[PDB]
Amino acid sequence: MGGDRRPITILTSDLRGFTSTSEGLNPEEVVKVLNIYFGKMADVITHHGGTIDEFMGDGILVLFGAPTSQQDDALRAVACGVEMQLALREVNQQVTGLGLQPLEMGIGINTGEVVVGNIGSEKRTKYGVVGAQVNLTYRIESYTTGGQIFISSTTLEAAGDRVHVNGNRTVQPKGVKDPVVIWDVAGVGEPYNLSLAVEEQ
């Protein structure tokens, strides 16, 4: 980029304890499960116009607002989060019939000012993101258990009331100045109508 500081919405996912239990698997099985997961997530991210910034062991870092931004960056991110979780049921049917146990995934989303641009060397430049707001997203993701999406207050305000919420948690990770409230996502309303649990008729 050469360097810009701007509001974006950052999403990060991780596979709640797959690090640990992968130690039991043959190396081809670890790689296969991970490719099935990554391939499937990459489909949902792309459908929602996110930028896969990086694949990090069993984690994914995604940007909405960089290289290009829109008015609904935060909405698209939340909708992407919910559909990522729902796409995991599918990957879990496959992983499960490979004879392996299902994956569980946690997701954190934060919206804020970050530095974006091309970071790296000669033979290896990387489109990168730097700042406190990046780290806070990882930290938010950390409170999550399997199947959950936690989002900060700035992502909820930025996304709007089409984001449906079960409730909040107030946290303060190591070296954070004041507590942050994070929001437990249930689903997104019109025009997405994506839900983690079905509204029972």
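The first residue of the sequence shown is number 1, and the count goes up from there.
Relative to its counterpart among 35 to 43 and 171 to 179, 171 to 179 has the higher mean temperature factor, C-alpha atoms as listed in the PDB entry. In this entry, the higher average B-factor at the C-alpha atoms falls on 119 to 127, of the pair 89 to 97 and 119 to 127. As recorded in the entry, 68 carries the highest CA temperature factor of 154, 68, 148, 137. Remark: residue 17 belongs to the highest third of its chain, ranked by C-alpha B-factor as recorded. Among the modelled residues of the chain, residue 57 sits in the highest third by CA temperature factor in this PDB entry. Annotation for residue 27: CA B-factor lies in the highest third of the chain's modelled residues. Compared with the other modelled residues of the chain, the Cα B-factor recorded for residue 1 ranks in the highest third.
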